[PDB]
Amino acid sequence: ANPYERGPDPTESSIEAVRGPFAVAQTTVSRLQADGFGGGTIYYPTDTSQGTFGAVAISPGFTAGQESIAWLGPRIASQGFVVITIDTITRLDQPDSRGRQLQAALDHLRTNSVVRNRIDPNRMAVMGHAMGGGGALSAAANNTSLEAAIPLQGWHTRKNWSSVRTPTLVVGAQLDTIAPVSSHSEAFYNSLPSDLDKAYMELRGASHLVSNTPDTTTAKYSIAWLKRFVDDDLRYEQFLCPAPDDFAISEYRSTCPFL
Ligand SMILES: O=C(O)c1ccc(C(=O)O)cc1
C-alpha cells in the first residue's frame with residue numbers, strides 16, 4: 001500500500017469542496033523572520049494520526065500580495081498538505097526572483113518549529129499566479145527534486161522549459177490579456193519535455209485574475225495534481241485522465257496515463 005495516502009477515497013464533490021476532511025490551523029512567518037522571502041502564512045492539518053504531509057509553497061504575481069492567493073492555502077491544506085502562501089520581498093519582483101523565494105520558503109519550512117514535525121521534507125511542490133507562476137516554473141527548473149509545479153496564468157519572459165523534470169499542470173485563462181496563453185501558458189506546456197508528466201488546462205471565458213478569488217475548477221484540479229504527484233496517490237488520477245468534461249474547461253491536453 002502507498003504510505004502517503006491521506007483522507008478517504010475522493011469524489012468529484014470531495015475535491016470541489018471549499019474545505020477537505022482535515023481541520024486546519026495556521027501560523028505566521030513575519031517579514032523579519034523570513035530568510036529570502038517576504039513572510040507568509042502556513043496552513044497545516046491539525047490531525048497527525050495519518051502521518052506527515054507534503055508541503056506546497058504559493059507565490060502571488062506582479063503588484064500583488066499574499067492576500068491575492070490566500071484562499072488557496074486552507075482550501076488545499078484541508079485536503080492534507082502543509083501550505084505556505086508568501087509575500088515577496090517587493091511587489092515588483094520579477095519571475096526568477098519569485099522562484100528563488102519559493103525555494104527559500106520551502107527551505108524555511110524544514111526548520112519551522114510549528115510545522116517541522118508535520119511535514120515530509122522530501123515531498124515538496126510549488127505553485128503561483130502570474131509572475132508567481134513563472135516563478136514556480138523557475139523554481140522547478142532549478143530543483144529536480146520538487147514533486148509538482150502549478151503555474152496559474154503564468155507569466156515569464158523565458159519560454160523554454162525543457163530543463164524541467166517536475167510534473168507540471170499549466171492552468172491558463174482563455175481570455176487572459178496580461179499573460180495570454182498563446183505566448184505564455186501554452187508555450188510553457190509545449191516546451192516542457194514531451195515525455196514529462198504534464199497537463200494543460202484552459203479556463204473557459206476566464207480573465208487574468210481568475211486565480212485571485214475562489215475558483216472551483218482551479219482548486220479541484222490543483223488538489224488532484226498535488227495528490228497524484230506529491231502523495232503518488234493513484235486514487236486521484238481518475239480526475240486528470242482523460243480530458244475533464246467541465247464546461248469550465250475550454251481546452252485540455254496531457255501525457256496521460258501518468259508515469
Ligand atoms: O505589465 C506586465 O507586463 C505584467 C503585469 C502583471 C503581471 C502579473 O500579474 O504578474 C505580469 C506582467
# chains A, B, ... in the order shown; residues from 1 in each chain; ligands from 1
$ residues_near_ligand --ligand "ligand 1" --cutoff "9 Å" --atoms "only C-alpha atoms and all ligand atoms" --output "MDAnalysis selection string"
chainID A and resid 60:64 94:95 129:134 153:156 178:179 208:209
$ write_last_selection --atoms "C-alpha atoms" --output "short mmCIF file (atom, residue, chain, number, x, y, z; two decimals), in the first residue's frame"
data_model
loop_
_atom_site.label_atom_id
_atom_site.label_comp_id
_atom_site.auth_asym_id
_atom_site.auth_seq_id
_atom_site.Cartn_x
_atom_site.Cartn_y
_atom_site.Cartn_z
CA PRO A 60 1.47 35.87 -5.94
CA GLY A 61 2.19 37.90 -9.04
CA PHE A 62 3.31 41.38 -10.06
CA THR A 63 1.88 44.17 -7.88
CA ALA A 64 0.00 41.55 -5.81
CA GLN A 94 10.27 39.50 -11.47
CA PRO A 95 9.67 35.77 -12.10
CA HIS A 129 -0.18 33.15 -10.00
CA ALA A 130 1.02 35.20 -12.99
CA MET A 131 4.65 36.22 -12.38
CA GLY A 132 4.41 33.85 -9.40
CA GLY A 133 3.59 31.05 -11.81
CA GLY A 134 6.65 31.95 -13.83
CA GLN A 153 -1.97 32.18 -15.61
CA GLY A 154 1.81 32.10 -15.54
CA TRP A 155 3.86 34.99 -16.93
CA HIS A 156 7.53 34.70 -17.83
CA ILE A 178 -1.83 40.14 -19.46
CA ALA A 179 -0.31 36.65 -19.79
CA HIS A 208 -6.12 37.13 -15.87
CA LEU A 209 -7.22 37.49 -12.24
#
$ residues_around --residues "residue 196 (chain A)" --least-positions-apart "3" --cutoff "7 Å" --atoms "only C-alpha atoms" --output "JSON, numbers by chain"
{"A": [165, 167, 192, 193]}
$ select_by_dssp --residues "region 53-190 of chain A" --states "alpha helix (DSSP H)" --output "PyMOL selection string"
chain A and resi 72-77+95-111+131-141+185-190
$ write_last_selection --atoms "C-alpha atoms" --output "PDB file, in the first residue's frame"
ATOM      1  CA  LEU A  72      -5.692  28.584  -1.861  1.00  0.00           C
ATOM      2  CA  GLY A  73      -3.909  27.999   1.445  1.00  0.00           C
ATOM      3  CA  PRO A  74      -6.602  26.492   3.661  1.00  0.00           C
ATOM      4  CA  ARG A  75      -8.501  25.057   0.684  1.00  0.00           C
ATOM      5  CA  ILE A  76      -5.506  22.936  -0.333  1.00  0.00           C
ATOM      6  CA  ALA A  77      -4.180  22.358   3.195  1.00  0.00           C
ATOM      7  CA  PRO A  95       9.666  35.774 -12.096  1.00  0.00           C
ATOM      8  CA  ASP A  96      13.192  34.422 -11.485  1.00  0.00           C
ATOM      9  CA  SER A  97      13.358  36.176  -8.108  1.00  0.00           C
ATOM     10  CA  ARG A  98       9.900  34.850  -7.199  1.00  0.00           C
ATOM     11  CA  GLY A  99      11.134  31.333  -7.958  1.00  0.00           C
ATOM     12  CA  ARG A 100      14.144  31.799  -5.694  1.00  0.00           C
ATOM     13  CA  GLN A 101      11.752  33.000  -2.980  1.00  0.00           C
ATOM     14  CA  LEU A 102       9.558  29.922  -3.405  1.00  0.00           C
ATOM     15  CA  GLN A 103      12.653  27.779  -2.780  1.00  0.00           C
ATOM     16  CA  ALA A 104      13.519  29.948   0.231  1.00  0.00           C
ATOM     17  CA  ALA A 105      10.001  29.470   1.615  1.00  0.00           C
ATOM     18  CA  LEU A 106      10.293  25.697   1.242  1.00  0.00           C
ATOM     19  CA  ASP A 107      13.734  25.808   2.894  1.00  0.00           C
ATOM     20  CA  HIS A 108      12.142  27.752   5.762  1.00  0.00           C
ATOM     21  CA  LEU A 109       9.539  25.046   6.397  1.00  0.00           C
ATOM     22  CA  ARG A 110      12.238  22.447   7.117  1.00  0.00           C
ATOM     23  CA  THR A 111      13.228  24.231  10.347  1.00  0.00           C
ATOM     24  CA  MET A 131       4.651  36.220 -12.378  1.00  0.00           C
ATOM     25  CA  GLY A 132       4.409  33.853  -9.402  1.00  0.00           C
ATOM     26  CA  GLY A 133       3.593  31.051 -11.812  1.00  0.00           C
ATOM     27  CA  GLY A 134       6.649  31.954 -13.834  1.00  0.00           C
ATOM     28  CA  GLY A 135       8.458  31.726 -10.517  1.00  0.00           C
ATOM     29  CA  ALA A 136       7.045  28.257  -9.904  1.00  0.00           C
ATOM     30  CA  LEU A 137       8.454  27.113 -13.259  1.00  0.00           C
ATOM     31  CA  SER A 138      11.820  28.733 -12.496  1.00  0.00           C
ATOM     32  CA  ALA A 139      11.949  27.019  -9.096  1.00  0.00           C
ATOM     33  CA  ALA A 140      11.276  23.625 -10.660  1.00  0.00           C
ATOM     34  CA  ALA A 141      13.869  24.305 -13.374  1.00  0.00           C
ATOM     35  CA  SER A 185       0.897  29.204 -20.686  1.00  0.00           C
ATOM     36  CA  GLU A 186       0.663  27.095 -23.842  1.00  0.00           C
ATOM     37  CA  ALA A 187       4.198  27.988 -24.901  1.00  0.00           C
ATOM     38  CA  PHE A 188       5.357  26.724 -21.500  1.00  0.00           C
ATOM     39  CA  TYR A 189       3.419  23.463 -21.845  1.00  0.00           C
ATOM     40  CA  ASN A 190       4.796  22.861 -25.330  1.00  0.00           C
TER      41      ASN A 190
END
$ closest_residue --among "A:203, A:79, A:39, A:145" --to "residue 121 (chain A)" --atoms "only C-alpha atoms"
A:145
$ residues_around --residues "residue 233 (chain A)" --least-positions-apart "3" --cutoff "12 Å" --atoms "only C-alpha atoms" --output "compact mmCIF listing (two decimals) with C-alpha atoms, in the first residue's frame"
# COMPACT_ATOMS: atom_id res chain seq x y z
CA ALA A 1 0.00 0.00 0.00
CA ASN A 2 1.01 3.63 -0.60
CA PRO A 3 2.12 5.12 2.74
CA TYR A 4 1.45 8.70 1.58
CA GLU A 5 -2.32 8.29 1.10
CA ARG A 6 -4.30 10.71 3.27
CA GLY A 7 -8.05 11.06 3.67
CA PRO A 8 -10.95 8.95 2.40
CA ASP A 9 -11.41 7.96 -1.22
CA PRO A 10 -12.22 11.05 -3.33
CA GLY A 54 3.78 17.06 1.72
CA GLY A 80 -3.86 17.02 3.56
CA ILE A 223 -5.76 19.36 -5.48
CA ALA A 224 -5.88 16.34 -7.79
CA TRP A 225 -2.47 17.22 -9.21
CA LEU A 226 -0.84 17.62 -5.79
CA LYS A 227 -2.43 14.39 -4.57
CA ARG A 228 -1.27 12.48 -7.64
CA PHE A 229 2.33 13.72 -7.61
CA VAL A 230 3.20 14.84 -4.07
CA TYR A 236 -6.74 10.97 -7.98
CA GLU A 237 -5.60 10.04 -11.48
CA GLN A 238 -9.27 9.48 -12.38
CA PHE A 239 -9.82 13.25 -12.30
CA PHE A 258 0.82 9.18 -15.96
$ residues_around --residues "region 125-128 of chain A" --least-positions-apart "6" --cutoff "6 Å" --atoms "only C-alpha atoms" --output "VMD selection string"
chain A and resid 56 to 60 136 146 to 152
$ write_last_selection --atoms "N, CA and C atoms" --output "PDB file, in the first residue's frame"
ATOM      1  N   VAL A  56       3.729  22.624   0.204  1.00  0.00           N
ATOM      2  CA  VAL A  56       3.471  23.395  -1.006  1.00  0.00           C
ATOM      3  C   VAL A  56       3.712  24.863  -0.684  1.00  0.00           C
ATOM      4  N   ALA A  57       4.434  25.560  -1.561  1.00  0.00           N
ATOM      5  CA  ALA A  57       4.658  26.997  -1.451  1.00  0.00           C
ATOM      6  C   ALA A  57       3.986  27.684  -2.633  1.00  0.00           C
ATOM      7  N   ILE A  58       3.299  28.803  -2.367  1.00  0.00           N
ATOM      8  CA  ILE A  58       2.500  29.501  -3.374  1.00  0.00           C
ATOM      9  C   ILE A  58       2.880  30.977  -3.407  1.00  0.00           C
ATOM     10  N   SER A  59       3.168  31.495  -4.621  1.00  0.00           N
ATOM     11  CA  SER A  59       3.563  32.883  -4.812  1.00  0.00           C
ATOM     12  C   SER A  59       2.513  33.697  -5.559  1.00  0.00           C
ATOM     13  N   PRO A  60       2.282  34.941  -5.144  1.00  0.00           N
ATOM     14  CA  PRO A  60       1.467  35.867  -5.937  1.00  0.00           C
ATOM     15  C   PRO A  60       2.269  36.430  -7.107  1.00  0.00           C
ATOM     16  N   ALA A 136       7.170  29.682 -10.193  1.00  0.00           N
ATOM     17  CA  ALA A 136       7.045  28.257  -9.904  1.00  0.00           C
ATOM     18  C   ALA A 136       7.798  27.425 -10.936  1.00  0.00           C
ATOM     19  N   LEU A 146      11.803  18.599  -6.757  1.00  0.00           N
ATOM     20  CA  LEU A 146      10.438  19.046  -6.498  1.00  0.00           C
ATOM     21  C   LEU A 146       9.455  18.096  -7.171  1.00  0.00           C
ATOM     22  N   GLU A 147       8.329  17.841  -6.501  1.00  0.00           N
ATOM     23  CA  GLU A 147       7.420  16.796  -6.944  1.00  0.00           C
ATOM     24  C   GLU A 147       6.270  17.299  -7.809  1.00  0.00           C
ATOM     25  N   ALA A 148       5.926  18.582  -7.740  1.00  0.00           N
ATOM     26  CA  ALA A 148       4.866  19.121  -8.585  1.00  0.00           C
ATOM     27  C   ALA A 148       5.073  20.622  -8.751  1.00  0.00           C
ATOM     28  N   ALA A 149       4.609  21.153  -9.883  1.00  0.00           N
ATOM     29  CA  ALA A 149       4.648  22.588 -10.139  1.00  0.00           C
ATOM     30  C   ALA A 149       3.345  22.979 -10.814  1.00  0.00           C
ATOM     31  N   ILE A 150       2.734  24.071 -10.363  1.00  0.00           N
ATOM     32  CA  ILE A 150       1.454  24.502 -10.924  1.00  0.00           C
ATOM     33  C   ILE A 150       1.453  26.006 -11.182  1.00  0.00           C
ATOM     34  N   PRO A 151       1.838  26.447 -12.380  1.00  0.00           N
ATOM     35  CA  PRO A 151       1.683  27.868 -12.731  1.00  0.00           C
ATOM     36  C   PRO A 151       0.242  28.175 -13.121  1.00  0.00           C
ATOM     37  N   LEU A 152      -0.330  29.205 -12.488  1.00  0.00           N
ATOM     38  CA  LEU A 152      -1.694  29.669 -12.737  1.00  0.00           C
ATOM     39  C   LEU A 152      -1.612  30.998 -13.480  1.00  0.00           C
TER      40      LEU A 152
END
